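Protein chains in written order, with UniProt numbering: chain A, 20 to 230, 304 to 409; chain B, 1320 to 1814, 1867 to 2022; chain C, 2199 to 2436, 2492 to 2549; chain D, 793 to 879.
For each residue, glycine too, the CB sits at the ideal point set by N, CA and C.
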Ligand SMILES: O=P(O)(O)O[C@H]1[C@H](OP(=O)(O)O)[C@@H](OP(=O)(O)O)[C@H](OP(=O)(O)O)[C@@H](OP(=O)(O)O)[C@H]1OP(=O)(O)O
């Protein structure tokens, strides 16, 4: 796959295997806190004993192979001696700790891109991001195909990169690393239909030896011009409501007709009729047949304590 | 006494006539005063040899419990309800037992009742309402979720789960459940919904929805009047707001009076309602008087710290002030709030709070470093992140943060910003301290960490001299290093040149320790026991060296003489230390303890003065000879009294 | 008593503990010689053994009823095997209502309102001294060595002659019980059991002590290392410096929570639960010397 | 009626003072608490309680008065059991 695959992926692969190894070792209890004659050492694993563990699991055939594999990890920095570093791995009862255990944790730009890509792949594997599907572009069907335009939308929606420009730039870095490659010609990431394939897959790691807010209660959809026509469905009525210490207790939430949204059953309005299924066209004399509900809400508050209101009062139709 | 005298004479037939009449009085036309008289009679009869009066079987364990409950004699209720429990355990009994404990302000006892239910009855018998009473909102939600999945949706189980959501504060999920179910609901549950639905809308800041819900709340409810008054202040209806608040206070009459009658603790709930009411009065001024604003903030800050540290109460209070004060305009309020959420074990809400203050999501921007703007906020996030078991990130951020801080300090240090510069040093100091404690938890104790964590604590000490924790932590670090190196010699040398090198090495770490402990003693000024004992351990072991003695001499002068009274026993134990330079300074120290507060010294000294071994009694007498000159009367009195008491003690 | 002063300071500083009014009842101790000294007399106190004796004579109950039941069923109790002892002990417990202390706390109290307050203090004070006694290592807690305040209701421990697990070390009548958590004390608490006030109080006390482990360690190290007080450790043994090192390490493990297993650290809730099981285990209780009264 | 009009004036000064009366707050608080307790005082409790409100409000004396005057919480819960006027 060229220099890009041979270098970056190999670095990625050893890190993925090292992480797989660390999780396995913790389950096997190889890495455990130790105290040497009242001198503690947390999250430690003895170098000499580890070789035996590797032989049992068949990762390393003999002492040579185990040392070589661990030396490769040391040349990367995935592990470090708890005390002053001994550099090349040695078959001695000595305490070592992983970099990812925060002992040193040397970060780099490649690692951050790799780690983010790995985390994204877990999201892509999960149902949460189901963009991965078999799809055909340029006459060829490939698995794990997700449109580049769809991916950019998903990043903003998911919140991994809220800014589209930042999201698109991040993919270019991954494309340079090779984490994501366009299916056919490795075309650089663009907000287009361009189908992409994930070259790096976290699963099946390598082996050591191989290294609705609003509410609407009005049934009538629209009454504009339905009311204006004289007679027929409704009979007009005028309601005069007196102010109260606790307020009138009614809400109007009709865009054009300004229908009454709700009425307080214990309030003065409910005592003087004022049922929920009503429409208003004039308040305190002024005709408000065609205005917004909020504008009417401004007028009723700015008006006097006693409000003159006209209710359409549909007759059960 | 009259009753017992009579009740003994009666030949059982008259006792039944009496007991039947007692039943009628309790059962029918019960009067509080008569009841508590007859309850005190039943308790008095329990203490009597005759035994409790047998009424309608079981000694009226059910009736007297019901009667004590109406009398609000919750201790009598508990005792009687426990007698019934002893005969048999029932779910009904457990429920009443729980409610009794909550009324009695004994939360721990009620929690134990739930543990009994878990073991002996399992899970089905535990209703979700039981968690609700115990304020186990996390476990109540699990119960209401399990119940509402299997059983068909019911008004009661819906309100129960919604009530839990508002206590947790999950306003997102609570507002979705509201919008979904309005027409599906009856008008009775509708009125029980809006009080919780409005809270959710208010939390999200959607004022149109909030107006719809508040109208559905009954006016008669005290809470409903307050909610209406809130939509007044949103619409700037100041005149109507004051009217609504007054009616709200009027409705709180009944609640405040009833709770105040039986202990202050029950009245606390009502007290919080008036707290929020009078704060709403101080929002009208805040919206009218720009000149009064900074006073209001100081008042608000001082008031909230007097209030109790319960997270529910704070959320209520903060929501009120948030009507006219965005969280950015007052950071310290919401940070202290987040800390309570952290301490109470609800870091999810704490996290949301901190994200809202930060501005962005740090977790999403893993590669990006934490924002520097508002550093006090950032620091709170890191120490939260540590509690969230993301230490690897937190530690790395702290290293980056201090580099930014120290660069932001250097470049921005002008003569003008001196308060800013001083605050930055105080922050960095708290950062440096976290580094050390974290490094030990992450790395461990070994040859490489100790020089590093010392570098950090040293910087912390520089940036905040007066701060107690910076000196104590630095001192304790140095002392541990001295012990660790000594053990290394024992492990390798015991099991010529190395001890002479160790002399320079330990003295390199010993002189810092002495200076630090003496400064950390003065700073604590009343909590220096640990520090003072550590001084003694160091003094006795290594003080025979000239350099360690020198530091101690200046320290013993500097330190106050009241501190040494704590450790008078430990001093006299080593009165005869073979090392001369130690013993000579002990005498000089005891001398000054003698000259002021001799009553603290005479008793242990008199015991040493008559010790069998010569060196102890010789030293003790030499000190007493000097003590005598000041008073002499005490020495003669105590020497006689003690000799006579010994004679008395063993003939 | 210097140690108790330190712990009381720590409890005062913690707000949760302060709200619960947790504290250790302590008294003045003034030595006068190697033999003699003055102890401050605590008023309104009486030994637990006296209370049970006087209650059982009033109610005409035999004072040695539990012992008599055992010797009746199996007169060779002392020489029986462990399993046999467990049976014998259980047979006594099933045929005796172990409610004497709870019942007498009621009768003694003037009124229910006071009674409830006395019991709350009682439960918390016991939990506080259970955890502190475990760390300090205080053994040999037979009912003659603890007395109960008849007004405040708080428990008081006296005569700390045995410390640092001396009782466990001695071959004769070895004590395997870390702290006294017998059934009668449990009955005296809330009806539900140890799950309530006792367990919650133990969690709070353990958390505070673990947080301030350095302060506790400093006090312990100074007096233990003193040559004058070294004699007690030497008597327990069967040199002296080596013995002291082990004792400090054992105490450190308890504070960390590694006492049960050095390899695995234990959280405060888990460690407390394991301690309760050891105290309440029937097998451990049976071994205890009969004078300790494992059946009260 | 003389003391009643003096209290209504002190209450109006409270708001106008704008934190310049803090030095005198402990003096007026003692005086008023002397007048709050008992019904012997001619001055109406209503205006007594009202002016105390204006002082606490404007000057910002919160929580700290509780330490100085421990009976304050017992005094204010006694009016709720005694007073019949709503205001
Ligand atoms: O909970 P901690 O991690 O130990 O942090 C505490 C805590 O700060 P928070 O407000 O963030 O919780 C203290 O506040 P309290 O809750 O005890 O009131 C605060 O003390 P102050 O209130 O006096 O500022 C103290 O700060 P400091 O170390 O300056 O005394 C600070 O400690 P750390 O910042 O070192 O964690």
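Quick check on the DSSP output: the beta strand (DSSP E) that includes residue 55/A runs from which residue to which? 51–55
In this structure, how does DSSP classify residue 2308/C when only helix, strand and coil are distinguished? coil
Within 10 angstroms of the Cβ of residue 153/A, are there 16 or more other Cβ atoms? Answer buried if so, exposed if not. exposed
Taking 8 Å as the cut-off, does the CB of residue 1699/B come closer than this to any heavy atom belonging to ligand 1? yes
At a threshold of 8 Å, does residue 2309/C count as lining ligand 1 (C-beta to nearest heavy atom)? no
Just to confirm, is the Cβ distance from residue 1920/B to residue 1962/B under 9 Å? no
With burial defined as no fewer than 16 other Cβ atoms inside 10 Å of the residue's Cβ, what is the status of residue 2283/C: buried or exposed? buried
Once DSSP output is grouped into helix, strand and coil, what is the label at residue 2287/C? helix
Just reading off the beta strand (DSSP E) that residue 2294/C is part of, what are its end residues? No beta strand (DSSP E) contains residue 2294/C, which DSSP labels as neither H nor E.
Helix, strand or coil, according to DSSP, for residue 876/D in the structure here? coil
Taking DSSP as the reference, what is the three-state secondary structure of residue 159/A? strand
Tell me, please, whether the stretch 2211–2219 of chain C touches the stretch 2244–2258 of chain C by the rule of three or more beta-carbon pairs shorter than 8 Å. no
Roughly how many angstroms lie between the CA atoms of residue 121/A and residue 2538/C, to the nearest whole one? 47 Å
Check for me: the beta strand (DSSP E) holding residue 62/A runs from which residue to which? 58–65
Output the distance between the C-alpha atoms of residue 2320/C and residue 2353/C, rounded to the nearest integer angstrom. 6 Å
With DSSP as the reference, please indicate the residues paired to residue 99/A in a beta bridge. 116/A
Is the shortest distance between the beta-carbon of residue 1575/B and the beta-carbons of chain D less than 9 Å? yes
Contact residues within the stretch 1966–1992 of chain B, judged by C-beta distance below 9 Å to chain C: 1974, 1975, 1977, 1978, 1981, 1982 and 1983
8 Å contact criterion, which residue 1528/B and residue 207/A should meet: CB distance rounded: Not a contact, Cβ separation roughly 46 Å.
Taking 9 Å as the threshold (beta carbon to beta carbon), is residue 836/D in contact with chain B? no
Closer than 9 Å between beta carbons: that is the criterion. Which residues of the stretch 2226–2245 of chain C meet it against chain B? 2228, 2229, 2230, 2231, 2232, 2233, 2234, 2235 and 2236
So which of 1766/B, 1885/B, 1592/B and 1785/B has the shortest CA-CA distance to residue 1806/B? 1766/B
Can you give, in chain order, each stretch of the alpha helix (DSSP H) that sits fully within the stretch 2313–2387 of chain C and has at least 4 residues? 2364–2367 and 2381–2386
Within its chain, find whatever has a CB closer than 8 Å to the CB of residue 89/A; leave out the 5 residues flanking it on each side and keep chain order. 66, 69, 98 and 108
Spatial neighbours of residue 2365/C within its chain, please: CB distance less than 6 Å, with the 5 preceding and 5 following residues excluded, ordered by chain position. 2337, 2338 and 2373
What do you reckon, is the C-beta of residue 77/A under 8 Å from a heavy atom of ligand 2? Absence of ligand 2 is noted for the structure shown, with ligand 1 being the only ligands found.
Put residue 164/A into one of helix, strand or coil per three-state DSSP. strand
Ends of the alpha helix (DSSP H) at residue 1440/B? 1426–1440
Just to make sure I have the definition right: I need the residues of chain D whose C-beta is within less than 7 Å of the C-beta of residue 1764/B. Which are they? None at all; the shortest Cβ gap to chain D is about 45 Å.
Ligand 1 and residue 1661/B: does the residue's C-beta get closer than 8 Å to at least one heavy atom of that ligand? yes
Listed by chain order, chain C residues near residue 1405/B by CB distance under 9 Å: 2297 and 2389
Can you tell me the Cβ-Cβ gap for residue 1396/B and residue 1384/B, rounded? I've got them flagged as a contact below 8 Å. 6 Å
Any contact between the stretch 1786–1794 of chain B and the stretch 1868–1878 of chain B? By contact I mean 3 or more CB pairs, one from each, below 8 Å. no
Any residues in the stretch 52–66 of chain A with a beta carbon nearer than 7 Å to a beta carbon of chain B? Which ones, in chain order? 56, 57, 58, 59, 60 and 61
Measure from the C-beta of residue 2494/C to each C-beta in chain A and report whether the shortest distance is under 9 Å. no
Runs of alpha helix (DSSP H) wholly within the stretch 1579–1634 of chain B (minimum 4 residues, chain order): 1583–1607 and 1612–1625
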